[PDB]
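Participant: One line per chain: the protein sequences are L and H, in this order.
Quick note, the first sequence lines up with residues 1 to 153, 157 to 211 if you use PDB author numbering.
Quick note, the second sequence lines up with residues 1 to 52, 52A, 53 to 82, 82A to 82C, 83 to 99, 100H to 100L, 101 to 214 if you use PDB author numbering.
Ideal Cβ positions, reconstructed from N, Cα and C, are used throughout, including at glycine.
Got a structure here, written out as structure tokens. Questions coming.
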Amino acid sequence: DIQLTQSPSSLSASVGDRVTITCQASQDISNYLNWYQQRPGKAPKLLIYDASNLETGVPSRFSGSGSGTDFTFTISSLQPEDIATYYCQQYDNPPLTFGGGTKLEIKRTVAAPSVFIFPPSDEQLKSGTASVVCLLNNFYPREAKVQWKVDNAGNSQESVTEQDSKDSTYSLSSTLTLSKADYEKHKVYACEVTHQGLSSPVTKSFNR
Amino acid sequence: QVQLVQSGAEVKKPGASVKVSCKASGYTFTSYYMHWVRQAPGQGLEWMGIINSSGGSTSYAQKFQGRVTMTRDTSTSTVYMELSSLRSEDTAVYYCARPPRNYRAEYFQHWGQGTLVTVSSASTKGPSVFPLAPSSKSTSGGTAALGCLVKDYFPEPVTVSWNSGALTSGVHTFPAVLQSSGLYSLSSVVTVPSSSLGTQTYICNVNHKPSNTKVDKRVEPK
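In structure tokens form, the structure reads like this:
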């Protein structure tokens, strides 16, 4: 098979930056090389075909060049909606093969999380389980810490969205699950958030 | 416009088979090849094979030889990809994709929306949908956060919308986490003007196609 080697694996650039990604084929594939864009949650989308032709309807800021074994893909003016994983694909010789992908993130200004806390609903308590939800909304960069303090101090789970196409931020959902009895027992439920945007950890809490 | 509408997600036991459909519209079915490409969670793209809508002759990548079968019904403009003797690492989103007219040009101009096939012994459970109600403790200077928690469900995925698709700004639907119980839980949240809480109704529309669950829950302030 023809392997495709893509580089870099991932990159972060600022809106307006010129961005170039490379593909290398393990052997000569002439110009039978395509580029696709896979935005979060979406199927891939053809941007460039036959090394350099711009698919119809694709913004003019996308370009590609090369022939033989070395190809490049360029975004001339990086836009926030360009957050995605980009893939090359050859069709010189079956099986059609893809590169490993280049993850393109936007570098933007530091943004501290907006922290919100949600007590379990009445419906869920009727069912004998309580889930407490801590939301860290619209923050940058991605590294964030959440510590659960139940009555001012093991079974929480976290989940981070992909970078938001609009404002280039991330969001994080943390859920602490408890039996109804263990929930009814304690009184103060807090999540303490640490993040580079904060001059100090923010604790957001409620009293049962 | 060209549309490739793919069949719904489903779970299959190891050793069983899946048949994924792809109904095409907005173009002359028989003038185009159809390809299939799969993607395992958090991984790259893998070509499976190609079928000629005209005649139905097929060619498959070596690694699926002996377990993939591609067919097509020209009277319903539908393409089928069946994967037999399923294994864990067949868990993937499967895509149909069509290239342009040939009059060799194998770049995929149009994609289906994908079908998550999950290979597991576990059984399908629909979700419980609980509201994450807007409180003073989900308010931030005139911005309030509400949402709903889609808990205990299998397999993936669920789709969440808000007010039947009317409310799109400020919405984050988080990746599902796999609980210790072997089930998935997910949350969807949206930020709105605090002004809106008394005047506007917010309803999250959860849909779990594998279990045929469709819930519409109004989220109201505490």
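Any chance you could list the alpha helix (DSSP H) runs of at least 4 consecutive residues sitting entirely within the region 69-151 of chain L, in chain order?
Facilitator: Whole alpha helix (DSSP H) segments, 4+ residues: 122-126.
Participant: Assign H/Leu45 to one of three DSSP states: helix, strand, or coil.
Facilitator: The count along the second sequence starts at 1 and reaches residue 45 of chain H at position 45. Coil.
Participant: Is there at least one Cβ from chain L nearer than 9 Å to H/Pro123's Cβ?
Facilitator: Here the question's residue 123 of chain H lines up with position 131 in the second sequence. Yes, H/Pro123 counts as interfacial toward chain L.
Participant: Classify H/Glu100J as buried or exposed, calling it buried when 16 or more other Cβ atoms lie within 10 Å of its own Cβ.
Facilitator: Along the second sequence, read from residue 1 onward, the residue named residue 100J of chain H stands at position 106. Flag for H/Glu100J reads buried.
Participant: DSSP state of residue 155 of chain L, grouped into three classes?
Facilitator: No coordinates exist for residue 155 of chain L in the structure shown, because the numbering of chain L passes directly from 153 to 157.
Participant: Would you verify that the beta carbon of H/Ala88 is, or is not, closer than 9 Å to some beta carbon of chain L?
Facilitator: Within the second sequence, the letter at position 92 stands for residue 88 of chain H. No, no contact with chain L.
Participant: Please report the distance separating the alpha-carbon of H/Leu178 from that of L/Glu105.
Facilitator: The count along the second sequence starts at 1 and reaches residue 178 of chain H at position 186. The count along the first sequence starts at 1 and reaches residue 105 of chain L at position 105. Approximately 24 Å between the Cα atoms of the pair.
Participant: How would you call L/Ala51, buried or exposed, if buried means at least 16 neighbouring beta carbons within 10 angstroms?
Facilitator: Working through the first sequence from its first residue, we reach residue 51 of chain L at position 51. When all chains shown are included, L/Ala51 counts as buried.
Participant: Hey, is L/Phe118's beta-carbon within less than 9 Å of any beta-carbon in chain H?
Facilitator: Within the first sequence, numbered from 1, the residue matching residue 118 of chain L stands at position 118. Closer than 9 Å to some Cβ of chain H, the Cβ of L/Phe118 qualifies, so yes.
Participant: Hey, how far is the Cα of H/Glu81 from the Cα of H/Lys19?
Facilitator: Sequence index remark: in the second sequence, residue 81 of chain H carries index 82 (1-based). Sequence index remark: in the second sequence, residue 19 of chain H carries index 19 (1-based). Rounded to the nearest angstrom, the two C-alpha atoms are 4 Å apart.
Participant: So H/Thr191 is in the beta strand (DSSP E); what residue range does that whole segment cover?
Facilitator: For this step, residue 191 of chain H is matched to residue 199 along the second sequence. First-last for H/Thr191: 188-191, but that is the alpha helix (DSSP H), not the beta strand (DSSP E).
Participant: Since L/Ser208 contacts L/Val196 with CB under 8 Å, what's their CB separation in whole angstroms?
Facilitator: Locating residue 208 of chain L in the first sequence gives position 205, where the first residue counts as 1. Locating residue 196 of chain L in the first sequence gives position 193, where the first residue counts as 1. Incorrect: roughly 11 Å between the Cβ atoms, too far for contact.
Participant: Which two residues bound the contiguous beta strand (DSSP E) that contains H/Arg71?
Facilitator: The count along the second sequence starts at 1 and reaches residue 71 of chain H at position 72. Run containing H/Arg71: 67-72, per the beta strand (DSSP E) assignment.
Participant: Taking Cβ to Cβ, would you say H/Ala114 is nearer than 9 Å to H/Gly174?
Facilitator: Position 122 of the second sequence, counting from 1, holds the residue named residue 114 of chain H. Position 182 of the second sequence, counting from 1, holds the residue named residue 174 of chain H. Yes, they are a contact pair.
Participant: Interface residues of chain H around L/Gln160 at Cβ under 8 Å?
Facilitator: Taking the first sequence and counting its residues from 1, one reaches residue 160 of chain L at position 157. Near L/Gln160 (Cβ distances below 8 Å), the residues of chain H are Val169, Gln171, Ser177.
Participant: Give the C-beta separation of L/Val163 and L/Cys194 to the nearest angstrom, bearing in mind that I take them to be a contact with Cβ-Cβ under 8 Å.
Facilitator: Taking the first sequence and counting its residues from 1, one reaches residue 163 of chain L at position 160. Taking the first sequence and counting its residues from 1, one reaches residue 194 of chain L at position 191. With 8 Å as the limit, L/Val163 and L/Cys194 do not qualify as a contact, their Cβ atoms being about 15 Å apart.
Participant: Report the residue from H/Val207, H/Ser120, H/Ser127 whose alpha carbon sits nearest the alpha carbon of H/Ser156.
Facilitator: By 1-based counting over the second sequence, the position of residue 156 of chain H is 164. The shortest Cα separation from H/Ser156 among H/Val207, H/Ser120, H/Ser127 belongs to H/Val207.
Participant: Would the region 123-134 of chain H and the region 161-175 of chain H be scored as touching if the rule is three or more Cβ pairs under 8 Å?
Facilitator: With the cut-off at 8 Å, the region 123-134 of chain H and the region 161-175 of chain H do not touch.
Participant: What residues from chain H crowd round residue 213 of chain L, counting only those whose CB sits closer than 7 Å?
Facilitator: Here chain L has residues from 1 to 211 only, and residue 213 of chain L is not among them.
Participant: Write down the C-beta distance between H/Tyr33 and H/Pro95 rounded to the nearest angstrom, noting that I regard them as a contact closer than 8 Å.
Facilitator: One-based indexing of the second sequence puts residue 33 of chain H at position 33. One-based indexing of the second sequence puts residue 95 of chain H at position 99. Their Cβ separation, rounded to whole angstroms, is 6 Å, which keeps H/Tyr33 and H/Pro95 in contact under 8 Å.
Participant: Express the C-alpha separation of L/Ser9 and L/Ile21 in angstroms, rounding to a whole number.
Facilitator: By 1-based counting over the first sequence, the position of residue 21 of chain L is 21. By 1-based counting over the first sequence, the position of residue 9 of chain L is 9. One C-alpha to the other measures close to 9 Å.
Participant: Where does L/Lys207 sit, in a helix, a strand or coil, going by DSSP?
Facilitator: Your numbering for residue 207 of chain L matches position 204 in the first sequence. If DSSP states are grouped into helix, strand and coil, L/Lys207 belongs with the strands.
Participant: To which residues does DSSP link H/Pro185 through a beta bridge?
Facilitator: By 1-based counting over the second sequence, the position of residue 185 of chain H is 193. Beta-bridge pairing links H/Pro185 to H/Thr135.
Participant: Quick check on the burial criterion: 16 or more other C-beta atoms within 10 angstroms. Buried or exposed for H/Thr73?
Facilitator: In the second sequence, the residue the question calls residue 73 of chain H occupies position 74. By the 10 Å Cβ count, H/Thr73 comes out exposed.
Participant: Strictly by DSSP, which residues pair up with H/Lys143?
Facilitator: Within the second sequence, the letter at position 151 stands for residue 143 of chain H. Paired residue(s): H/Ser120.
Participant: Would you identify the three-state DSSP class for L/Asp50, choosing helix, strand or coil?
Facilitator: Taking the first sequence and counting its residues from 1, one reaches residue 50 of chain L at position 50. The answer is coil: DSSP assigns L/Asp50 none of H, G, I, E or B.
Participant: Can you tell me the Cα-Cα spacing of H/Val150 and L/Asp28, whole angstroms?
Facilitator: To locate residue 150 of chain H, count along the second sequence from 1; it is residue 158. To locate residue 28 of chain L, count along the first sequence from 1; it is residue 28. If you take the alpha carbons of H/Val150 and L/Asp28, they lie about 43 Å apart.
Participant: To be precise: take each residue of the region 101-116 of chain H, compare its Cβ to all Cβ atoms of chain L, and keep it if any distance is under 9 Å. Which residues remain?
Facilitator: Against chain L - using a Cβ distance shorter than 9 Å - the residues of the region 101-116 of chain H are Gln101, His102, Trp103, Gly104, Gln105, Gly106.
Participant: Going by DSSP, which residues form a beta bridge with H/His35?
Facilitator: Walking along the second sequence from the start, residue 35 of chain H turns up at place 35. Beta-bridge pairing links H/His35 to H/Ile50, H/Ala93.
Participant: DSSP has residue 226 of chain H in a bridge; who is on the other side?
Facilitator: Since the first residue of chain H shown is 1 and the last is 214, residue 226 of chain H is not available in this structure.
Participant: Quick one: what does DSSP say H/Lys13 is sitting in, helix, strand or coil?
Facilitator: The residue given as residue 13 of chain H occupies position 13 in the second sequence. Reduced to three states, the DSSP call for H/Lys13 is coil.
Participant: Three Cβ pairs or more, each shorter than 8 Å: is that satisfied between the region 168-180 of chain L and the region 2-15 of chain H?
Facilitator: Too few Cβ pairs lie closer than 8 Å, so no.
Participant: Under 7 Å between beta-carbons, which chain L residues line up against H/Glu100J? List them in chain order, please.
Facilitator: The count along the second sequence starts at 1 and reaches residue 100J of chain H at position 106. In chain order: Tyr91, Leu96.
Participant: What does H/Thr183 reach in chain L if we use C-beta pairs closer than 7 Å?
Facilitator: Translated into positions along the second sequence, residue 183 of chain H becomes position 191. Simply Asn137.
Participant: Could you check whether the Cβ of H/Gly139 sits closer than 9 Å to any Cβ belonging to chain L?
Facilitator: Counting from one through the second sequence, the residue named residue 139 of chain H turns up at place 147. Judged by the 9 Å Cβ criterion, H/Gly139 is in contact with chain L.
Participant: Give the residues from the region 145-166 of chain H that approach chain L closer than 7 Å (Cβ to any Cβ), ordered along the chain.
Facilitator: Cβ contacts with chain L: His164, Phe166.
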